Every structure is written in C-alpha cells, then in structure tokens.
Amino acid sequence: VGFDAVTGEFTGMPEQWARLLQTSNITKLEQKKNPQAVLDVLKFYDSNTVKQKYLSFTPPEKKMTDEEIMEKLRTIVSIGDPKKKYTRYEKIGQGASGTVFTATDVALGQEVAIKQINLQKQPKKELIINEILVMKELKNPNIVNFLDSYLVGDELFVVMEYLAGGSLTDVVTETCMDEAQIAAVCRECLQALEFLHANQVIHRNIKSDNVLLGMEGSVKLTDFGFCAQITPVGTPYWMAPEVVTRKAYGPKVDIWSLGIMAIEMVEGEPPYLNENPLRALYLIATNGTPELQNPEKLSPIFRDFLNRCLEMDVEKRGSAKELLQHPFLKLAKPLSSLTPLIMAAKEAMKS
C-alpha cells in the first residue's frame, strides 16, 4: 500500500509481491524514483492469465446439443475430405487453441493453415463457432482469412490462409532491411490495423512473429482472434506502457507494438533480450522506449515515425488512419523488393 522513502521499504505488500520484487532485479533507487510503477508491474506479472480473445457478432456490431452445433455449422462446413484436398501436412503447434498444421491445397497449389478443434473436449464451443461466423464476413487482404471448414467426427477443421515466405522475424534476423522496405511493411501492417480497429478488434500481439510474408512480398497479420491464432514464457517486449501499468487501454496499443516492431526491423532482434522479465516490465513502465543501438544511422523521418508510434501519451500516440498519411510511408518500395530478403532468409535457416 505505502512506501517509506528513506528506508526504501514498501508497507503491507502481499506475500506474492514481496516475493516477486526480490527476484525482480529492480534497484532500491529505482523503487524510490518510481514506487507506483513497481507496484503496477508486480501486479501485472502476478496476474498472468492466458486471456484468450474471441471475435463475437457477425452483423455490424462486433450445455450445447449436437443439433445446436449442427445448426451453427450450417453455413460453415463443407462436405469434403481434408486428407484429399490438402497435402504436405506438417504439425506446427498443439495446445489449448487446438492442434495446428500447415498444408498445401492440391488444386490451387497455395499453402494454408489448418486448425483442428475437438468439439467434444473444447470449452466454449459457441464462441469458436461464433468467431468463424464473424471471420466469414470479416475479410481483408492484410489478415489471414477464413477459407473453409470440415467436420471430421467430433473434430472441426478450420482452414485459414497462409504464406510460404516465412515470418518477418526470419527476414530481420537474417538480413538487413533498408528503410524503404520497412516503410512498405509498416504500411501493410497499418492497413491491417486500420481494418481491425474499424471492426472493433484490438490485435494485442503485433510482433514480427505474427507477421507472415509471401514469396512475392504480400504481407498478412495473424494471432488477432481464435481462428487466426495459427503461429506458435518470457518478456512481453511489444506491450505498451498502459497495458503493463494495468490501466484501461484502447487500440493504440497496436501502434506502440508496431513501433517496437519497426525497431526490431532495424536492430535485428527484439528489445529486452537478456533482461529479467520483471525489470523489462519496469523499464517499459518508466522509460517506455528502450534506448537505441546506434540512432544516428536512421533517417530523421523514420525517427519521427518511431516517435509518433512510441509516444507514451495515448492522445499524442498516432492512430492507424493518421500514420497511414505519415511521410515515412512515402519512402516505401514495391513489395517484391522483399523477395530477395525472403529467399535469403529461407536458405539461411539451415536447420
């Protein structure tokens, strides 16, 4: 509850938070200069709910029987064998979100992601089916869209779009993107965010891992809902200061995350790489922006874009509609300019 400034002791802290603080590698001086922030990040880290989101309501606003399931599945389920329509199956994930596969549609030659939900075992069947119903009308080229679904016993196969160019992470870790490429990627991600925000969705997880690239440079976001959670513990480097403050927050957390990602595209790794997670949260809460590797190397107009994304004041932080008009995006190359970086990244994996 309270803090004594000269001793440096918090008064009346819960069992867990006293325990966490000792492991935090936050200094007594740091506790002194920002006592409120420390309590905020201790509370945040203690919460640690997986906090799964589901899109709801197909129209503009956005204990179950076999017959009610078959009612809901009327407009989503195709009569087809997913073992004949798709090949090159590879398992890429398993957990509470279903098992997940990549595969290739035999007829079109296009890669897809297939999520497999056990309707009998899975809790909140109604939410998942409701999300698919949303996803059928919630269509945009910069997201992974719902393609198809199949009922295989008690197992619902949800097929989403996918791309064969890898993640943006692979490109930034293995190559050096110039600013005109970074502008191109930022523009595509802002187009996606503008669409998501227009439809009352906050993504919440904008990071290069959730940015999927096609071979000709097409860009799509993933991990915004349940169904699009098709990519597979540590520091949440991408989170805005309001979130880790445990304040109420809005769509401009995605803008913060986009700024963090633009820094990742320059430095070739995420920030806070070797930090204690609690210290990292503390640093996000007090400092916001992690200090740059070598900031003279960037152009002023990119530094401007980075500032407008990484403003700590939510009112001063830019909207997606606003940043779409920012001069940095005018430096943007054709998306095909990414093709050599993607191929280089693919042949550099060597694993």
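The first residue of the sequence shown is number 1, and the count goes up from there.
- According to the entry, the deposited sequence places 4 to 9 unmodelled residues between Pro232 and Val233.
- Going from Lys62 to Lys63, the model skips 10 or more deposited residues, which lack coordinates.
- Higher mean CA temperature factor between 105-113 and 242-250: 242-250, per the PDB entry.
- Look at the C-alpha B-factors of 3-11 and of 341-349. On average they run higher in 3-11.
- Within the selection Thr175, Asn276, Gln181, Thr169, the deposited Cα B-factor values reach their highest point at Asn276.
- Of the candidates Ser319, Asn307, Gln325, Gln36, the PDB record gives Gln36 the highest C-alpha temperature factor.
- Ranked by Cα temperature factor within the chain, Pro123 sits in the highest third according to the deposited record.
- In this PDB entry, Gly268 carries a Cα temperature factor that places it within the middle third of its chain's modelled residues.
- The PDB entry assigns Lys330 a C-alpha temperature factor belonging to the middle third of its chain's modelled residues.
- Split the chain's modelled residues into thirds by C-alpha temperature factor. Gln200 is in the middle one.
- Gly95: CA B factor in the highest third of modelled residues in this chain (values from the PDB entry).
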